[PDB]
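A short worksheet on the structure shown next.
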Amino acid sequence: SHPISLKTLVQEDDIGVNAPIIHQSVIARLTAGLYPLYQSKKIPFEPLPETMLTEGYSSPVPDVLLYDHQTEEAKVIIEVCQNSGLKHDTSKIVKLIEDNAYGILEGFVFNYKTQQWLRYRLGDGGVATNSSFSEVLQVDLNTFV
Amino acid sequence: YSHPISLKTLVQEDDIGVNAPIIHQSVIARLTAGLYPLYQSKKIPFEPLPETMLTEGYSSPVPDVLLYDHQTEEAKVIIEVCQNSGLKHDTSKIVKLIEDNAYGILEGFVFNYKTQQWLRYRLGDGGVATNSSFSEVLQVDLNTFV
Ligand code: NA
């Protein structure tokens, strides 16, 4: 199990200067947790951290994405809040999914301070819900953090 | 675990030279993922962290992967991932981060994914890097993960 829980890291971050470390730790946790499912062929998409969707200056760069090498598209994206709001950042992922540019089917936002998750699925009319379950991957993403 | 696509295959397939962003981040993912269970199991004491700031500000260096000592709040091992065009830069960078700064870094590595070659630099080796993938700090061959 994790040598240091997210709860402990958050409890110890009195001045808030550890936020970047905690954020990258979540990225590490998700990437490391998902990777063996990919290598074992349980999931078809490669987990990739901090990967640009395009070469544009303004390209989105999701904290974690699930990449389909065959179609050259990200199918699931995960954003970890960092000194930012869960709700705010979710309104952002919804637009990314509903504008249909990138082939993204599902998105998540995780607030590491409260360990709360929001999910959005393409086709859900712009309304997000409180879920950590990926229907694309068939896994509970909260299990990895 | 075997990698579904080898780095060799990825590079072979990118004749046209436009897939560097994906290949580079895949290397980060493989190193982070490969090392993480050693940290979880307490075989190594340092957390593998991708693209993490060494210090405060937009001035901070950000190596591709580092091994973080949560007790001293320092990176003890850093890894840069490059292709040929960045090799000279990244070799100079790891030496300077280790010898011209006080970040607590004991070892640095450059992995060139185009050639799949490793270089190592150890604090105190007088600026001279060698062609090794073995971390003495971790007692681990980093090449086993890529
Ligand atoms: Na790099």
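General remarks:
- Unsatisfied cross-links (Cα-Cα over 21 Å) in the set A:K41/B:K8; A:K7/A:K42; A:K87/A:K113; A:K75/A:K95; A:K113/B:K76; A:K92/A:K113: A:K7/A:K42; A:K113/B:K76
- Chain A - percent relative contact order, Cα under 8 Å, separation 6 or more: 18 percent
- Tensor-based shape of region A:1-91 (alpha-carbon gyration tensor, a/c under 1.5 rounded, otherwise prolate or oblate): oblate
- The distance between label points at A:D68 and B:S2 comes to 2.5 nm (points 7 Å beyond Cα on the Cα→Cβ vector).
- Proxy reagent accessibility, fewest Cβ within 10 Å first, across B:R122, B:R30: B:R122, B:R30
- Counting beta carbons within 10 Å around each of A:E72, A:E46 and listing the fewest first gives the order A:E72, A:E46.
- Hull shadow area, averaged, the protein assembly as shown [alpha-carbon convex hull, nm²]: 14.8 nm²
- In terms of other Cβ atoms within 10 Å, A:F144, A:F108 run from fewest to most in the order A:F144, A:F108.
- Taking the Cα centre of the protein assembly as shown as origin and assigning +1 to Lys and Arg Cβ atoms and -1 to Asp and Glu Cβ atoms, the resulting dipole is close to 520 debye.
- Positive-pole candidate from B:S59, B:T115, A:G85, dipole of the protein assembly as shown, charges at beta carbon: B:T115
- Look at the dipole of chain B built from charges on Cβ: of B:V27, B:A75, B:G124, the Cα furthest out on the positive end belongs to B:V27.
- Prolate/oblate/rounded label for region A:67-137 (Cα gyration tensor, a/c 1.5): prolate
- Exposure here means at most 12 other Cβ atoms within 10 Å; with trypsin sites (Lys or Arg not before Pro) in a DSSP loop as sites, the longest stretch of chain A lacking them is A:43-145.
- Unit charges on C-beta of K, R, D, E only; dipole of chain A, Debye: 360 debye
- Separation between Cα centres of region A:38-58 and region A:69-145, rounded to whole Å: 14 Å
- The angle between the Cα long axis of helix B:20-40 and the longest principal axis of the Cα atoms of chain B comes to about 50 degrees, rounded to the nearest 10.
- Partners of B:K43 within straight-line reach, counting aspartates and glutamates whose Cα lies under 14 Å from its Cα and excluding those fewer than 8 residues away in the same chain: B:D69, B:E136, B:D141.
- Range in chain B, longest, excluding exposed GluC sites (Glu not before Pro) [loop by DSSP; at most 12 other beta-carbon atoms within 10 Å]: B:74-135
- Qualifying chymotrypsin sites (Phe, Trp or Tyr not before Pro) in region A:18-72, DSSP loop, other Cβ atoms within 10 Å at most 13: A:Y57
The numbers here are math on the coordinates, done by the rules we state, and not lab data. Please note: Cβ atoms are built from the backbone with ideal geometry, for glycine as well, and neighbour counts cover all protein chains shown.
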